[PDB]
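**Q** Following this: a sequence and the matching experimental structure.
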Amino acid sequence: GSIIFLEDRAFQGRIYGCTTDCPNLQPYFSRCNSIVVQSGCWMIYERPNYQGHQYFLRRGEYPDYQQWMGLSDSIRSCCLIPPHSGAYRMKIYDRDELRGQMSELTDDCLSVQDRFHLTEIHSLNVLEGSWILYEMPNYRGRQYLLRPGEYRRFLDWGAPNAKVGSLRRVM
């Protein structure tokens, strides 16, 4: 994995590269307005120690922070999402604490509404693989990284509420 952070838009100014997880990028740059992801799947963060708004980035060029649907030029931490072989799987619930109706998901989902007839997911259990949860359909809006494990409440993935629009396997 290799991600390159660059100070200004259209890839100009100082460039700084990371081949692995970094809890605080603040000592290396005061802002980031474009990024080149050479390899790997990455989640970058607005604040140090993986806090704040999250953003998912895959191989490719990002000429401005809006390219990764960012909200500002502040990126202070990043992590390389661990590769994964095999299948992906998770169960979603319409109640918290893994209560309510359960649904199986083993592939991508552009519209939680269409697939599950749900506007909100109050709890879920990621069994295999890493995923990205989006507040809006078609992988838009606020993003939250999901690692294998239990998520008993929407607080567990960091969202302000239980509204969920789409789910994407990280690959």
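**A** In hand now; what should we look at? Numbers count the residues shown, from 1 in each chain.
**Q** So which elements touch the strand or helix carrying residue 168?
**A** With the criterion set as DSSP states H and E, the secondary-structure element containing residue 168 is strand 166-169. Strand 166-169 sits against strand 131-136, with contacts defined as 3 or more CB pairs under 8 Å, 6 or more residues apart in numbering; DSSP states H and E. Every C-beta, even on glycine, is put in place using the N, C-alpha and C of the backbone.
**Q** Next, the angle strand 131-136 makes with the helix or strand following the strand it packs on.
**A** Following the chain from strand 131-136 toward its C-terminal end, the next helix or strand by DSSP H and E is strand 140-146. Strand 140-146 and strand 131-136 are oriented at 150 degrees to each other (axes from the mean of the first three to the mean of the last three CA atoms, to 10 degrees).
**Q** Specify the residue ranges that define each domain of this protein.
**A** Residue ranges of the domains in the chain are recorded as 1-83, 84-171, according to curated CATH domains.
**Q** got a list of what residue 36 touches?
**A** The neighbours of residue 36, taking CB atoms under 8 Å, 6 or more residues apart in numbering as the test, are 3-4, 6, 11, 60-62.
**Q** Would you mark the buried spots in whichever strand or helix holds it?
**A** Using DSSP H and E, the element containing residue 36 is strand 34-39. Within strand 34-39, the residues that count as buried by 16 or more other CB atoms under 10 Å are 34-37.
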